[PDB]
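Colleague: The structure that follows is given in the form of structure tokens.
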There are 2 protein chains.
Amino acid sequence: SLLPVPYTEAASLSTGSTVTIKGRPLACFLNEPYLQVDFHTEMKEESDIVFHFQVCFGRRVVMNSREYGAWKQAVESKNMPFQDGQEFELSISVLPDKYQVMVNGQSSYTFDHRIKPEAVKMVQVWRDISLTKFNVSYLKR
Amino acid sequence: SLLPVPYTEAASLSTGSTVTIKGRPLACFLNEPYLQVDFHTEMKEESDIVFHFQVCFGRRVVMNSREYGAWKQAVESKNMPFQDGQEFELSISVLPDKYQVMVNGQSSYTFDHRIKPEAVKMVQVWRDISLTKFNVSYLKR
């Protein structure tokens, strides 16, 4: 809807940063829409991915990194706090040792840093969602 | 781009009908964009699917049907005529015994009818593409 999807924003991340995303899946869960959030090391979409977060709504979540062109060890989760047909609020916080992903205010996934978050230059949000809000916080030293 | 995605059109199919789709993937193949074409038995997206065609660009194609709410036996193919970064023309012809899928003029997949094509009432084209052309032919008795 309001924001264009695929959505790309230049970004910088460090401990204490938060990425906030508000959106809605474009299809009922029976049709298995996806959502993907990628933290890139360059503005180019083929660049490395420090944190890859892919939701198959109603089924599974996969997290990984792409380093020097190659996907590393996938982390797969069956935790599914997203609700069929509902708007969601997704929050990704940079902690000292990991990303923490909150879904509608509830801690739902974490992912230990494989690359320093300082390597991030770009965030992309895409696949089968509409987006009404995207924010990266920049309040900390 | 020009046509809205997800794209839905009421449709009727019988022997000799052709569905023509011209589009472009929204991402390079390294990021694994998808394309999905579904022939539905009702205008509602939760309705049964007589022919489901899902491309994971650069990797695989899965075809199936959803009958009374349940996915049946998947047909998986590694044939990949789609070209990274390129516009594609996709043609799906209804033959007496099967669907035949042409990609840029080349026969690439077929799928034997599990449900009569006359059961189709709607076609949906969605996932990670832009669409510039969609047509269903209606020339035959």
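By order of appearance in the structure tokens: chains A, B, ..., then residues from 1 within every chain, and ligands from 1 in the order shown.
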Near segment 102-117 of chain A, within 8 Å and counting only C-alpha atoms, which residues show up once chain neighbours fewer than 2 positions away are dropped, as a list in words?

Modeller: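 Result of the neighbour search: residues 13, 14, 15, 50, 63, 65, 79, 81, 82, 88, 89, 90, 91, 92, 94, 97, 98, 99, 100, 119 and 120 of chain A.
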
Colleague: Please, which residues of chain B lie no more than 9 Å from chain A when the count uses only C-alpha atoms, and can they be set out as number ranges by chain?

Modeller: B: 6, 26-28, 30-31, 33-34, 45-46, 69, 126-128

Colleague: For N, CA and C atoms, I'd like the residues from the last selection saved as a short mmCIF file (atom, residue, chain, number, x, y, z; two decimals), in the first residue's frame.

Modeller:
```
data_model
loop_
_atom_site.label_atom_id
_atom_site.label_comp_id
_atom_site.auth_asym_id
_atom_site.auth_seq_id
_atom_site.Cartn_x
_atom_site.Cartn_y
_atom_site.Cartn_z
N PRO B 6 -0.28 -8.47 -6.71
CA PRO B 6 -0.99 -9.64 -7.26
C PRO B 6 -2.04 -9.28 -8.31
N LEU B 26 11.50 -9.23 -10.09
CA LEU B 26 11.83 -8.02 -9.33
C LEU B 26 13.20 -8.07 -8.68
N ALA B 27 13.94 -9.17 -8.82
CA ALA B 27 15.25 -9.27 -8.17
C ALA B 27 16.13 -10.17 -9.01
N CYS B 28 17.44 -10.00 -8.84
CA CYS B 28 18.40 -10.90 -9.48
C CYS B 28 18.24 -12.32 -8.93
N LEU B 30 20.25 -14.42 -7.81
CA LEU B 30 20.96 -14.70 -6.56
C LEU B 30 20.05 -14.52 -5.35
N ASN B 31 19.12 -13.58 -5.39
CA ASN B 31 18.19 -13.38 -4.29
C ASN B 31 16.94 -14.25 -4.37
N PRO B 33 14.06 -14.70 -6.42
CA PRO B 33 12.67 -14.26 -6.54
C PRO B 33 11.79 -15.43 -6.96
N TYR B 34 10.50 -15.33 -6.65
CA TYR B 34 9.54 -16.33 -7.09
C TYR B 34 8.54 -15.74 -8.08
N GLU B 45 -9.58 -16.31 -3.26
CA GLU B 45 -8.20 -16.81 -3.27
C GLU B 45 -8.03 -18.10 -2.48
N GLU B 46 -8.90 -18.39 -1.52
CA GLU B 46 -8.82 -19.65 -0.79
C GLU B 46 -9.43 -20.82 -1.55
N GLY B 69 -9.20 -28.12 -0.49
CA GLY B 69 -8.37 -27.52 0.52
C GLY B 69 -6.99 -28.12 0.68
N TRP B 126 1.16 -13.82 -9.18
CA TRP B 126 1.66 -13.05 -8.05
C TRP B 126 3.08 -13.50 -7.71
N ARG B 127 3.57 -13.01 -6.56
CA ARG B 127 4.95 -13.08 -6.07
C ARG B 127 5.82 -12.01 -6.72
N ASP B 128 7.11 -12.30 -6.92
CA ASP B 128 8.14 -11.27 -7.07
C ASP B 128 8.39 -10.92 -8.54
#
```

Colleague: Mind checking which residues fall within 10 Å of residue 11 of chain B, counting only C-alpha atoms, ignoring those fewer than 3 positions away in the same chain, and posting them as a list in words?

Modeller: residues 8, 19, 39, 40, 41, 42, 43, 118, 120, 121, 122, 123, 124, 135, 136, 137 and 138 of chain B

Colleague: Just N, CA and C atoms for this one: save the residues we selected as a short mmCIF file (atom, residue, chain, number, x, y, z; two decimals), in the first residue's frame.

Modeller:
```cif
data_model
loop_
_atom_site.label_atom_id
_atom_site.label_comp_id
_atom_site.auth_asym_id
_atom_site.auth_seq_id
_atom_site.Cartn_x
_atom_site.Cartn_y
_atom_site.Cartn_z
N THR B 8 -5.32 -10.47 -10.57
CA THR B 8 -6.43 -11.42 -10.62
C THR B 8 -7.34 -11.07 -11.79
N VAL B 19 -3.18 -18.84 -22.14
CA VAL B 19 -2.92 -17.76 -21.18
C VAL B 19 -1.52 -17.24 -21.45
N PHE B 39 -4.52 -21.27 -11.30
CA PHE B 39 -5.83 -21.36 -11.95
C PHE B 39 -6.84 -21.82 -10.89
N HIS B 40 -7.73 -20.91 -10.47
CA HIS B 40 -8.66 -21.17 -9.38
C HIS B 40 -10.05 -21.58 -9.87
N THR B 41 -10.75 -22.37 -9.05
CA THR B 41 -12.12 -22.75 -9.32
C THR B 41 -13.15 -21.71 -8.88
N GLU B 42 -12.76 -20.71 -8.09
CA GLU B 42 -13.66 -19.62 -7.71
C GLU B 42 -12.87 -18.32 -7.68
N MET B 43 -13.59 -17.19 -7.66
CA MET B 43 -12.92 -15.90 -7.56
C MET B 43 -12.22 -15.72 -6.22
N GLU B 118 -12.57 -26.77 -17.53
CA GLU B 118 -13.83 -26.04 -17.42
C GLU B 118 -14.14 -25.61 -15.99
N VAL B 120 -12.20 -23.95 -14.10
CA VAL B 120 -11.49 -22.71 -13.78
C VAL B 120 -12.43 -21.52 -13.88
N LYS B 121 -12.40 -20.65 -12.87
CA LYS B 121 -13.14 -19.40 -12.93
C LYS B 121 -12.26 -18.17 -12.76
N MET B 122 -10.98 -18.33 -12.44
CA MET B 122 -10.14 -17.21 -12.06
C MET B 122 -8.68 -17.61 -12.22
N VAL B 123 -7.85 -16.66 -12.64
CA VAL B 123 -6.40 -16.85 -12.75
C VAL B 123 -5.75 -15.77 -11.89
N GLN B 124 -4.78 -16.16 -11.07
CA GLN B 124 -4.01 -15.20 -10.29
C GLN B 124 -2.52 -15.34 -10.59
N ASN B 135 -3.08 -12.05 -20.93
CA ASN B 135 -4.20 -12.29 -21.84
C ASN B 135 -4.65 -13.74 -21.77
N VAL B 136 -5.97 -13.94 -21.81
CA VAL B 136 -6.59 -15.25 -21.99
C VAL B 136 -7.34 -15.22 -23.31
N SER B 137 -7.06 -16.19 -24.18
CA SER B 137 -7.71 -16.23 -25.48
C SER B 137 -9.09 -16.89 -25.37
N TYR B 138 -10.03 -16.40 -26.18
CA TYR B 138 -11.42 -16.85 -26.14
C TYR B 138 -11.96 -17.07 -27.55
#
```
